[PDB]
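Residue numbers for the sequence shown, in UniProt numbering: 214 to 1437, 1468 to 2004.
Even for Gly, the Cβ is constructed at its ideal location relative to N, Cα and C.
Input: a single structure, listed below in structure tokens.
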Amino acid sequence: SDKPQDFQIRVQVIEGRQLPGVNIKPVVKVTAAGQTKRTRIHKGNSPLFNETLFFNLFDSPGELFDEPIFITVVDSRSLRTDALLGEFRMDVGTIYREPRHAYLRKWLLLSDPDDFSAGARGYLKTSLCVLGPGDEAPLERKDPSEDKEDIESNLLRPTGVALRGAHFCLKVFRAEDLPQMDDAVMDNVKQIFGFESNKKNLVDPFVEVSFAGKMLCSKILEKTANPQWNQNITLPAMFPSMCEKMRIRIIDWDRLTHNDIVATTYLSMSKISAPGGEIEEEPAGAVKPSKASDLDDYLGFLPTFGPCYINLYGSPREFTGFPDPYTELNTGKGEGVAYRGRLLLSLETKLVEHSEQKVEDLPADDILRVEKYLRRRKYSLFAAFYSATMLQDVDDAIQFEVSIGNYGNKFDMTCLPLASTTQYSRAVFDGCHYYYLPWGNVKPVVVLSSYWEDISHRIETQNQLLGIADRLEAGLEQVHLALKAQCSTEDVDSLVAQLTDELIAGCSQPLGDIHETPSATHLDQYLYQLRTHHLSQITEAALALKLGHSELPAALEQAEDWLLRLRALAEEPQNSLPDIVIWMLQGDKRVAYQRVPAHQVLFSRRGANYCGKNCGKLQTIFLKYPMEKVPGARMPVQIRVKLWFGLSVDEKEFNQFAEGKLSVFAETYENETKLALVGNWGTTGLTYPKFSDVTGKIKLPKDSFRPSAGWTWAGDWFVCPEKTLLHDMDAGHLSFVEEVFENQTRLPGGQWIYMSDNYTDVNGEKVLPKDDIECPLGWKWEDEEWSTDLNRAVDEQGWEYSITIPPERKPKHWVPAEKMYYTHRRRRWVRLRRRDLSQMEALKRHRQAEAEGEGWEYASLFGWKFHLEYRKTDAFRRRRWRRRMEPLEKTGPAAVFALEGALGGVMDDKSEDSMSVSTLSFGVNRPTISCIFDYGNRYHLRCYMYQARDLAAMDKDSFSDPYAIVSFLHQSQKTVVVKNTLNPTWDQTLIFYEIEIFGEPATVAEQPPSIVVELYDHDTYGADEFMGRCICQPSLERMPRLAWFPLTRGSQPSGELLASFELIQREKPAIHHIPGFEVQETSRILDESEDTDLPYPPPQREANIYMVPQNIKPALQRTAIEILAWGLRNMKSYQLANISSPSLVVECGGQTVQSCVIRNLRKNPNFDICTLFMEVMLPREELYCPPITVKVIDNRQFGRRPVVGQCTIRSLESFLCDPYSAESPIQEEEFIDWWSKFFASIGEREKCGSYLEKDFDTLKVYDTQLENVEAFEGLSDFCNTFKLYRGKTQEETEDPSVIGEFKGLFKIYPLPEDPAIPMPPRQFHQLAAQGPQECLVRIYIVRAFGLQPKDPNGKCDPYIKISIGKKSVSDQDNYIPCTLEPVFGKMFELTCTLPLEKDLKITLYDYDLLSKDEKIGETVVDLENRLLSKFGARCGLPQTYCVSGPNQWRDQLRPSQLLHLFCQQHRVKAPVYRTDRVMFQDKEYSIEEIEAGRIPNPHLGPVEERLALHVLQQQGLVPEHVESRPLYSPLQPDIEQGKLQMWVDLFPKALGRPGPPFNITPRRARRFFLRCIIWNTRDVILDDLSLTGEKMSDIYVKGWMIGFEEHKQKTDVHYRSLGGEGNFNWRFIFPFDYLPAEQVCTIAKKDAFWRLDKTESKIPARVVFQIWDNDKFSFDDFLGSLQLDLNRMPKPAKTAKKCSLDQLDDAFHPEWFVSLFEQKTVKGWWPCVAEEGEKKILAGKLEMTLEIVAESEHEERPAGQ
């Protein structure tokens, strides 16, 4: 059940909320099994990560089960020390225990594990999954309505009590203008009773509210559209919730069927509070009175929303009896397109101890005290339309509608004298692709009025704050781009200072007060103080940056954060003003919409800086379809408008924003009939009024008209034809495509028939037959015959079909399909003509043609059916008269607002008959307003397009035939088609002529029209596929440079375009004549030339095709690219066998090369071929130089080639290089060993002694991992690592995670232009010897120290476990129990194949016979780096050469062979000398320089080898060394558990056998049977006396070594000793510990009871033998002692003169002293020292043997004495 298996950990981090701290930049890191990986750094207190990490862990299921996963949220910054924001912990077994082994979409609570009772610290949303031996958990769901709930969506193990409740109290008062929702059947039912009714059906509304799953409902009202509730709803909640939104919805109750929805809205809980803190402890300045910037008790506030209307939006208001196609819009999804009423409410928050749910009625006092907030003022809105372009699919007449709130909606309008809509018009063809509305120099004008609340005190501040942020960005973009322009340093620093100077001045401006505005709310008051505080902080941060000094990026990073702060404070949650909505109508149906925020166009008199951004300015607007998510492949229209909105009291302030002239008109008709029916006509004989309206019932004399107040006459009366069809489509065009539609019809039950004349235009109007169309003068045909247009959605015959024509007679839906119930079909014919310039002067006489003919219409019946041509049957003749009016100079343009309430403000009760406006209004009952321009500005435009890159493929073969369409106001041109490529180059210039733009020249230059470019893929059925588009701005630069623009499609990136645009203004303006002639104000005419000041055109590549100028094109140079593809790593073990056929594809400059295919990833992660050569052309400038893209392709059977990862390189310059290089039975072994060499390297002795006399070499010692040494650059310089991503544009849900890595190197060098020159030497001449290289590994474990305790004794019982790849070897019964700092000296010889099992893991465990062995830490060794090391780190390197002994040569190769390889690897000349001196690289080196001052070396090898060693030592090769490294525990990710001393040797089997490893076994004691023999006792001083008075003593011998009491034995006692007699010949045994290798004696017998081991220590070799008189009837009588050394013992005395105190000395007379290690049988006389403190006096002598024979013979030699 414990079998080792391959497991995978998958952790996904989605989002976090309410993270603590200010200006935090959180990153999430995950640690498991000791391995750490992290997400990218993000900023903000509510970050979104969308990142996935995984871990590949191979171990026993019994070990990974209890292994915790640490999820850490940390604030990482470059300016401040990183700090923890919170942490979460979970095990593996808990996650794996669940079905599918995962927790999906669960919220986790964060807290600080060190800061106790600190409360909750935010929330993190994650998904945690663990996979077993082979299974999957692909399940994913998105349920945002439930996943945002605080209930059973999370787990709270941390700070589980950090929760407090609150009440949210909501007051609901009333609502206005609800739409009709219920059935209208009651309009027919009420009639059955004879009851009156109106078409305003009422609804039965009620309000639902919900928060975090808790829902409450208000009471149901009936039969109202403007309901009153006066209700109070109280809902309980948790304060630190995960929910950001509270929902309010209005439901229309239905007693018979399911309830409908009127509108849904949301309230943001995070925008009505300031949880980040109002004040912070940041006491800037020298003086810090309270150690804070300010002081408060609350430092923040609870969420609140004072009394305010909320505007609702949703689906269209029009009522139908059919299913509604847009119902999702009323559920909160997408965005509303229509106004659906407004709701009044207020919300307050308080903290509570108890929760409850209830609804109560309001007191009357709470109704009558809120009225002060409700007041209305008159607002005025002005709008004008300048153009409408890029139309497609236009079937009917188009008009635009402008409305605000519920004002101006023509479908529910009552009666107004002024229209809210423009007049209907027809589109025309631009001759290339698009249609447009021909408004010309007369612009439509719309004026509206409405009533709303005054909230100016909220808006002015918002405009001010945003104004600051926008100016800051302009500076940042300029300095950001300026840096790349290679600007002077001083200028770049100045630009940074300019950001500071502008920011300070902007923030030094005071905000308006709120205390002067009595209609204040609590939220406004809190925001007022909050904004003031933060502005002071930015003011202080500013300047300080200017006065101090910092790195460029340091200053820039501060500015970016400053910008974000400004945006956040500019938000305004209380906005009672509805937006401005513009609708496009075609026929009587709605097509497209757009919305404009009210504050962007609002005017105020406080100052210019408080006005809306676009107030009085032109805007460019694109309209959208209803229920749309994306821009789409087709855009319904592009328009240009001007808006101004403000209070009626400020109407006079509008005079400064006007352009052109405003006018209104009066009209009347002149009626005539036949006189006496003789063919003559006149006003007599007429039964109708001479002058009348169009109806013919009302008489309207020309002299009865009067201008309204504020207006005067703008001229005299003139004739105005009903239609003016004269126009000119030749807008400077050089070529034009003409079109005609051929129509053929049939009966529903009939067959298709052919008619000789049924031709129409696109608008259904009759046109001249296709064969009778003539080419206009100045133009010639290029096409001889008309062709059929098959680029439309038509069948193979070019026919388009439609169903039987409806009563409206306007078919809208056309299909390519043929059906038997279709009655009409059409085909499109096209033909091209081209300009041929000659004499254009004749055309000047036709520019005055505004109308033709007298303008008379004729009819047989008065009032209707008038014909344009005269007929004999006609009885009546009519024409129309018109006159213009203009505003007085004393009022100005503001007069335009005076028409409302004046035109319809007049009534005259002269009769009982009812009437509307007839005879009171003048002419047309609904007069128009228009703006007329006298002149326009002419421009010339040149577009330079060069190339596009990385275009998305339109098909599986990755081929397409792209071309571009370039569009300006009402002109467009197409480029040439480039075949079979996704990286086309066009090198083409497009030239536009004579584009006319209206408006003041000083404004036109500042706000030019945008340029739109679209790419399409040409095909055999037309360029049906849309590849992408972008929007560009024109430049006025004299000679623009190329720049890149992004292309987008479907919300995804689709490549980039390289282009530039040049706009030239012409000096002479165009003059337009205006009907109703007035005196001209022109005083000067400019005599400018037609084309003589125009810049010369570029040269042609092909007839009529221009190329890009040579001063723009990038310069090219020849380049060669060498790619070293080594192999892939970290590709995971998933599938493996089922994906075992990868290959690489590498491209640059569009040129691609292929790599070989790997056949088995189970055996060879590396490629068989590592040589790739590609030649490309590149631009010289880094700006236009393409990236290198590397893709990994899965080569599946049956030709399937999916991408399984990709990455890019944008730093090609780092791989550049010059193409040129060069060519282009020994006793000494007892104490001489390795151990003392190591001690010697530290300068240590004690264990060395005579070892130091060998004059041997020295090893290096490191205090860390060799990879941590900078001298050898981390020993990872073999190849570079690149990271692969699975990211694609195919799906938006794929995280930009790391999926694997590629290993290799790149080299780039320039080529000569002369092909005769032989190719330079290849950058790589090595073969891919990267195969299955079997090798031997030797692991040396010497000792460990600083280990943390795992038991009550503060000790451990450690042992070594080692594994490589999947092989595991351990030693549990070979260890030292009860130790702190273990010593081993073990060598492990293992066989490994690289790079298959490169990972060497070494771990220590705490042995326990009765329990589980706890891990005390582990380390990792990278073996591959040693094999591939470029420095050489696979073996030791001596300084002194030898062939034998501890310093023997140990490599499989001779020292001269290592030199040979280096000579070949680095391509240098070899040393060629092997004598007394050698010459190399002009340096003369003698052998005498090395051996000087040294002991002659008896083991020194041949000269040739020692010479090689020195020269190798001079190079940066890794020296012989030993090192120690830190151990870590997976449960304490950053805490060291101690360090271990070791090294590793690597020996590849491809080579012959290297010299053997050294024995590093720790020294052990050996007991010696040291011997002493007592031979002769004489001349003893006898201190005691006999009973006879004779001298006598106690004769016996005693002696021992300290700590060896149990090994002591004594002689017997001789009697009657008068002469010091006695001859024992005793053989004493002294079994004492000794270590002859060190030649030091140690003490036996431990005093340690606290451990299973024994004590050991060394002593000075001075042995003291104590002898005291053996008085059986008393205490020991102190007599004296003897002393002799072991290492420096004196030789045997021969005479009395040689037997004294100086003969007991250890080193006083060392020349006479002998080491006993070489003395096997030594006996002699030495004196005895009497007791007297420490004084040295003598009292007799003993002859004793002192010998060491137990080094080999314990009993055998010391015998027979």
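In the DSSP assignment, find the unbroken alpha helix (DSSP H) run with residue i in it and report its ends.
i	result
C456	Run containing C456: none; DSSP gives neither H nor E here.
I681	669-696
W775	765-781
Am I right that residue i and residue j are in contact with their C-beta atoms under 8 angstroms? What's the rounded C-beta distance?
i	j	result
residue 1445	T285	Missing here is residue 1445: after 1437, the next number in the chain is 1468.
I1334	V1389	6 angstroms
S486	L515	6 angstroms
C1156	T1202	7 angstroms
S1356	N1408	6 angstroms
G1268	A1165	7 angstroms
CB-CB under 6 angstroms to residue i, same chain, minus the five flanking residues each way: which ones, in chain order?
i	result
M1167	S1173, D1230, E1238
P1874	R1810, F1812, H1850
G829	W857, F870
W1012	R1038, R1040
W1199	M1158, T1188
Helix, strand or coil for residue i, going by three-state DSSP, please let me know.
i	result
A1115	coil
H1850	helix
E1510	helix
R1488	coil
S1479	helix
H1080	strand
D714	helix
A821	helix
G275	helix
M1387	strand
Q1201	strand
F1380	coil
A1676	coil
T752	helix
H567	coil
Tell me which residues share the same chain as residue i and place their Cβ nearer than 8 angstroms to its Cβ, disregarding the 5 neighbours each side in the sequence.
i	result
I1287	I1145, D1147
Which stretch, first to last residue, makes up the beta strand (DSSP E) that contains residue i?
i	result
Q1909	1905-1912
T1421	1416-1422
Within a Cβ cutoff of 7 angstroms, which residues of the same chain sit near residue i, ignoring the five residues on either side of it in sequence?
i	result
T634	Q612, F613, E614, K623
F1135	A879, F918
Checklist entry - Can we say the segment 691-702 touches the segment 634-641, given the rule of at least three CB pairs closer than 8 angstroms? => result no
Next on the checklist: Under 8 angstroms: do the segment 929-940 and the segment 1277-1295 share three or more Cβ pairs, one atom per stretch?
Outcome noted: Contact between the segment 929-940 and the segment 1277-1295 is present, because at least three Cβ pairs lie under 8 angstroms.
Checklist entry - Per the contact definition of three or more C-beta pairs closer than 8 angstroms, is the segment 837-856 in contact with the segment 795-815? => result The segment 795-815, when compared against the segment 837-856, does touch it at the 8 angstroms Cβ threshold.
Next on the checklist: Count Cβ pairs between the segment 1368-1384 and the segment 1319-1331 that sit closer than 8 angstroms; are there 3 or more?
Outcome noted: no
Item to check | Cβ pair count under 8 angstroms reaching 3, the segment 1559-1571 against the segment 1473-1492 | outcome: Segments in contact, no.
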